[PDB]
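Visitor: This one's a deposited entry, sequence included:
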Number of protein chains: 2
Amino acid sequence: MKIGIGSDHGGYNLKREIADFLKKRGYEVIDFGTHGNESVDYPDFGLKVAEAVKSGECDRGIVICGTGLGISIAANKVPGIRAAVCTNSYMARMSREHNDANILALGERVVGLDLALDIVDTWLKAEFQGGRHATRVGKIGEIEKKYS
Amino acid sequence: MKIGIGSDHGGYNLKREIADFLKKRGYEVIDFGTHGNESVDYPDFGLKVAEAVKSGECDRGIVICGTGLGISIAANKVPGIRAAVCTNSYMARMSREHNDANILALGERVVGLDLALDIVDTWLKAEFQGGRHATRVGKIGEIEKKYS
Ligand SMILES: O=C[C@H](O)[C@H](O)[C@H](O)[C@H](O)CO
Ligand SMILES: O=C[C@H](O)[C@H](O)[C@H](O)[C@H](O)CO
């Protein structure tokens, strides 16, 4: 399974830690940058990860900024993307079980490293439950079709 | 200002509490439902609040479900909406200061009542900081325009 990862300078150090964690577990990782601490704009990297997920070049993505908010809002602008900002494993599990999220968003200034690794572990392992959740995901798709 | 609020059955009881909190503080509140514990679909209510914010009929909105994730992802599919799922006051403040969020998303199964009122209080008071944050918000607008 291939994981795209991306961040602004606010999520860069946590991104390096997560890239390292994911490889150790045998995931293939595509790092879309950013590639240092220089100030950059979270929507550009949100977009790269979200577009790699939409095109099937990654199966899912993880996006990181100070809070997770900006980069996840930007990712969710892409039709077919469901980016979930999670600050605990319960939200991470539900985002997979219920929302079928294909992007996990994290905030490097909000969650400490080991908590964020717990969240990523939970999210990678949880599974979509279909049923009424698929119905609701289709209704998300109807919003996208409306404003397309 | 006027605040739109909406929820599925997962966010209904916390919605009733926040509506009451907001009125006590002299805000005008437009409740978009849901109106009971009957099982309903979070995208429908996310859309109502998001479209009311987009059309200026509300100035800001608050959307609530079990986790906040699904309804905020749905809200974010609307162009001009920036829905922030917050689990603490720090995220709520940053979502205003940096992301100029015009919808707050909460999860009734994740944050307890007093924490959620703290977050709402923080979010309603925080102010957009412009500058490089305005630039980044514009780049979110470029994503919208691309998939429009
Ligand atoms: O949404 C903004 C992100 O959290 C950034 O990581 C943050 O805004 C930082 O202050 C860059 O100026
Ligand atoms: O995903 C949907 C929301 O969190 C709901 O509030 C919840 O999942 C519901 O129990 C499912 O029917």
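Guide: Here it is on my side, so go on. Residues are numbered from 1 along each chain as shown, chains lettered A, B, ... in the order given. Ligands and ions are numbered 1, 2, ... in the order given.
Visitor: got a list of what residue A:4 touches?
Guide: A:29, A:30, A:32, A:48, A:49, A:52, A:53, A:57, A:58, A:60, A:61, A:62 (C-beta atoms under 8 Å, 6 or more residues apart in numbering or on different chains). C-beta coordinates here come from the backbone N, C-alpha and C atoms, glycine included.
Visitor: tell me the contacts of the residue in chain A that ligand 2 sits nearest to?
Guide: Of all residues in chain A, residue A:98 sits closest to ligand 2, with a separation of 3.7 Å (C-beta to the nearest ligand atom). Going by C-beta under 8 Å, 6+ apart, residue A:98 touches A:129, A:133, A:136, B:66, B:67, B:69, B:70.
Visitor: residue ranges of the helices in chain A, please?
Guide: Taking DSSP state H, the helices of chain A run over residues A:12-24, A:42-54, A:69-76, A:89-97, A:113-125, A:132-147.
Visitor: Residue of chain A nearest ligand 1, please.
Guide: residue A:10 (2.0 Å).
Visitor: Tally up the residues packed near that residue, please.
Guide: Residues lying near residue A:10 (other C-beta atoms under 10 Å in any protein chain shown) number 24.
Visitor: For the contacts of residue A:98, give me JSON lines that also has distance to ligand 1 and neighbour count.
Guide: As requested, those are exported to JSON lines (distance: C-beta to the nearest ligand atom, whole Å; neighbours: other C-beta atoms under 10 Å in any protein chain shown):
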{"residue": "A:129", "distance to ligand 1": "31", "neighbour count": "13"}
{"residue": "A:133", "distance to ligand 1": "29", "neighbour count": "17"}
{"residue": "A:136", "distance to ligand 1": "28", "neighbour count": "23"}
{"residue": "B:66", "distance to ligand 1": "25", "neighbour count": "21"}
{"residue": "B:67", "distance to ligand 1": "21", "neighbour count": "31"}
{"residue": "B:69", "distance to ligand 1": "18", "neighbour count": "27"}
{"residue": "B:70", "distance to ligand 1": "22", "neighbour count": "34"}
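Visitor: Out of the helices of chain A, which one sits most buried?
Guide: helix A:69-76 (a mean of 32; mean count of other C-beta atoms under 10 Å in any protein chain shown).
Visitor: Distance from the chain centre to stretch A:59-66, please.
Guide: Here stretch A:59-66 is found 3 Å from its chain centre; the criterion is C-alpha atoms, centre = their mean, to the nearest Å.
Visitor: what does that stretch rub up against?
Guide: The contact list for stretch A:59-66, computed with C-beta under 8 Å, 6+ apart, reads A:1-8, A:10-12, A:14-15, A:18, A:42, A:45-46, A:49-50, A:52-53, A:71-72, A:75, A:83, A:102-110, A:120, B:94, B:98.
Visitor: switch the cut-off to 7 Å
Guide: For stretch A:59-66, contacts defined as C-beta atoms under 7 Å, 6 or more residues apart in numbering or on different chains pick out A:1-8, A:10-11, A:14-15, A:18, A:42, A:45-46, A:49-50, A:52-53, A:71-72, A:75, A:83, A:102-109, A:120, B:94.
Visitor: Check which residues of it are buried.
Guide: Neighbour counts over stretch A:59-66 (16 or more other C-beta atoms under 10 Å in any protein chain shown) mark A:60, A:61, A:62, A:63, A:64, A:65, A:66 as buried.
Visitor: Could you dump these into a markdown table and include distance to residue B:115?
Guide: Below are the buried residues of stretch A:59-66 laid out as a markdown table (distance: C-beta to C-beta, whole Å):
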| residue | distance to residue B:115 |
| --- | --- |
| A:60 | 30 |
| A:61 | 29 |
| A:62 | 26 |
| A:63 | 25 |
| A:64 | 24 |
| A:65 | 23 |
| A:66 | 21 |
